[PDB]
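A.B. asks: Sharing a structure with you now.
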Amino acid sequence: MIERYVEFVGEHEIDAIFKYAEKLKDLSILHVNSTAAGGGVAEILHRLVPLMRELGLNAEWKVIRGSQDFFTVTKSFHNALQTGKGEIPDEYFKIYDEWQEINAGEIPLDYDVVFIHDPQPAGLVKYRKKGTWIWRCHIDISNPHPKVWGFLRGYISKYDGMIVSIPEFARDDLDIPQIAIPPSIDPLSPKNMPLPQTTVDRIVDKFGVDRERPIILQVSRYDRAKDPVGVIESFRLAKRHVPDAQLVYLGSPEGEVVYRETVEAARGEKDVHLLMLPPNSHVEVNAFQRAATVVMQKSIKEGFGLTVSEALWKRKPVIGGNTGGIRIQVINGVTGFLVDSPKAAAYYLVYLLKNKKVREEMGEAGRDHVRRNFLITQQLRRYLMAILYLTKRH
Ligand SMILES: OC[C@H]1O[C@H](O[C@H]2O[C@H](CO)[C@@H](O)[C@H](O)[C@H]2O)[C@H](O)[C@@H](O)[C@@H]1O
């Protein structure tokens, strides 16, 4: 309910949202992504699509389907786009286009505005009617595999507009409008809502973690781009200087390979808790983020990382990988610290665990920074502004 957000962002931002919604209230809007049960894109749309409807926008949300072979091709496309590395069999491109065709037939695409989320459904623009097509990129495309990019740019160049999470992901090899809209957290979502101390305490104890002693938390998949092995290395280095400290890695199911290496890297320290929760364990993530003393998101590559703003909103200082969208959330020395190695991560863990007053000041700065920049009302407003801008130029 948009009324409830005045508490956080004030009345001017809400009036502005109603004003923009009035101008759009008889456009048909379709969002297309690749999972409804999944990660950050799903978490955003589950909150954002309902807010659009409540403003009287005709907004729908459809999910492409595929074989695991399709999702093997798109995972590798994802890693090649972010790392600039890999060998891509020519068969991958043929698998991709086939599942574009299959999905086009199963999805009505005749809307005034079509948002395509990330590379997986990007090839649906082949089957575009009229209307305004916007490619919403959530990942780091600053320095990609030239063959995968060259290919996807074949499709991207046919869109009317493009949204990236930070300006640094804008391509000078594209002439269509490129708009930087950071993602956001919904402060009223189960992930972010206040919890009674009782519920936090229950969930922490349930996983055998001691809330009498400091908790270092990373929330992330057991995936190379989140560097769980590096995170354990950071903790191992800090542990010598903060012996009572605990690490919680809060994961969600080649992924088993990384998890195994993570178990091996942890082989020795018994204050390491490598958890695996079902993906929709929102209240458990909430509870762990609230129980944390310091949060890490030590990513190698990261489009944005909602886990950062989630932690900052709960007044937790974040130690973040010095990459992509983490940099606009983690203001070095103010809301957290940016690090390029496990060694610097360890250095800043020890600093924060030993400097309570500085931790809490960072926590306050963190919440205020999210309040001004990364609440769902901010993303919703800029989203409505992009639609108005791009529809009026056809
Ligand atoms: O592209 C597939 C991945 O999409 C999600 O994450 C991306 O989008 C988030 C919201 O904009 C960003 O915070 C994040 O940095 C991006 O990688 C999803 O959460 C992942 O599980 C998928 O691999």
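A.B. asks: When the dipole is taken about the Cα centre of the chain, and only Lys, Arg (+1) and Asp, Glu (-1) are charged at their Cβ, what size is it in debye, to the nearest 20?
C.D. replies: Dipole size: approximately 680 debye.
A.B. asks: Right, here's the next one. Two decimals is fine: what is log10 I(q)/I(0) at q = 0.16, 0.17, 0.19 Å⁻¹ for region 197-373, from a Debye sum with one equal scatterer on every Cα and no solvent?
C.D. replies: For region 197-373, the Cα-only Debye profile gives -0.89, -1.02, -1.33.
A.B. asks: Return the sequence-ordered ³J(HN,Hα) values of region 119-124 in whole Hz as given by the Karplus equation 6.51 cos²θ - 1.76 cosθ + 1.60 applied to θ = phi - 60°, using x for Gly and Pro.
C.D. replies: Running phi through 6.51 cos²θ - 1.76 cosθ + 1.60 with θ = phi - 60° gives x, 4, x, 4, x, 5 Hz.
A.B. asks: Using helices alone, what [θ] at 222 nm do you get for the chain, with -39,500 (n - 2.57) per DSSP H run of 4 or more residues, divided over all residues and rounded to the nearest 500?
C.D. replies: -14000 deg cm²/dmol
A.B. asks: Here's something else I'd like to know. If you take the charge dipole of the chain about its Cα centre, with +1 on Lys and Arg Cβ and -1 on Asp and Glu Cβ, which of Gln289, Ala238, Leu57 is farthest toward its positive end?
C.D. replies: Toward the positive end, the furthest listed residue is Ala238.
A.B. asks: Moving on to the next point. Tell me which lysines have Cα within less than 28 Å of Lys130's Cα, excluding those fewer than 8 residues away on the same chain?
C.D. replies: Result set, ordered by chain and number: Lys19, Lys23, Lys25, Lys62, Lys94, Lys158, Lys392.
A.B. asks: Same structure, new question: Counting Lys and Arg as +1 and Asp and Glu as -1, each charge on the Cβ, what is the dipole of region 42-119 about the Cα centre in debye, to the nearest 20?
C.D. replies: Roughly 340 debye for region 42-119.
A.B. asks: Bin width 5 Å, alpha-carbon pairs only: give the P(r) of region 182-241 as whole percents, running from 0 to the bin holding the largest distance.
C.D. replies: It works out to 4, 12, 15, 20, 20, 18, 10, 1, in whole percents.
A.B. asks: Spelling out what I want: for every residue of region 129-139, take phi, set θ = phi - 60°, compute 6.51 cos²θ - 1.76 cosθ + 1.60 (Karplus), and round to whole Hz; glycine and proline get x.
C.D. replies: Those phi angles translate into 7, 8, x, 9, 9, 10, 8, 9, 8, 9, 10 Hz.
A.B. asks: Moving on to the next point. Could you derive backbone 3J(HN,Hα) for region 191-197 from the dihedral phi with the Karplus parameters 6.51, -1.76 and 1.60 (θ = phi - 60°), listing whole Hz in sequence and x where the residue is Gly or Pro?
C.D. replies: 4, 10, 4, x, 10, x, 3
A.B. asks: Please grab the % of Cα pairs in the chain that end up more than 29 Å from each other.
C.D. replies: 44
A.B. asks: Can you find, among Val229, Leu250, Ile331, the residue sitting farthest towards the positive end of the charge dipole of region 197-373, where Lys and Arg contribute +1 and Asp and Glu -1 at Cβ?
C.D. replies: It is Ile331, whose Cα lies furthest towards the positive end.
A.B. asks: Near the amide H of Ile185, under 5 Å away, which other amide H atoms are found, from residues 5 or more places off or on another chain, if H is placed in the peptide plane?
C.D. replies: Here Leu375, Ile376 satisfy the definition.
A.B. asks: Give, rounded to the nearest 20 debye, the magnitude of the charge dipole that region 197-373 has about its Cα centre when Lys and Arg contribute +1 at Cβ and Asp and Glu contribute -1 at Cβ.
C.D. replies: In debye, rounded to 20, region 197-373 gives about 420.
A.B. asks: If you don't mind, there's one more thing I want to ask. Can you give me the C-alpha center-to-center distance between region 266-289 and region 108-134, rounded to a whole angstrom?
C.D. replies: That distance is 37 Å.
A.B. asks: Among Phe71, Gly10, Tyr389, flag the residue with its Cα farthest along the positive direction of the charge dipole of the chain, charges on Cβ as +1 for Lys/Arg and -1 for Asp/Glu.
C.D. replies: Checked the options; the winner is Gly10.
A.B. asks: Taking H as built 1.01 Å from N, whose amide H comes closer than 5 Å to the amide H of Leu247, not counting residues under 5 places away?
C.D. replies: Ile216, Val272, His273
A.B. asks: So who's got an amide H within less than 5 Å of the one on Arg136, skipping anything under 5 residues away but keeping other chains? H placed 1.01 Å off N, in plane.
C.D. replies: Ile116, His117, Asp118, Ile163
A.B. asks: Please give the residues of region 22-41, grouped as numeric ranges, whose backbone N is less than 15 Å from a label point set 7 Å along the Cα-to-Cβ vector of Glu60.
C.D. replies: 27-33
Quick note: the coordinates plus some simple rules give every number you see, no bench work behind them. Using ideal geometry, Cβ is built from the backbone for each residue, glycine included, and neighbour counts are taken over all protein chains shown.
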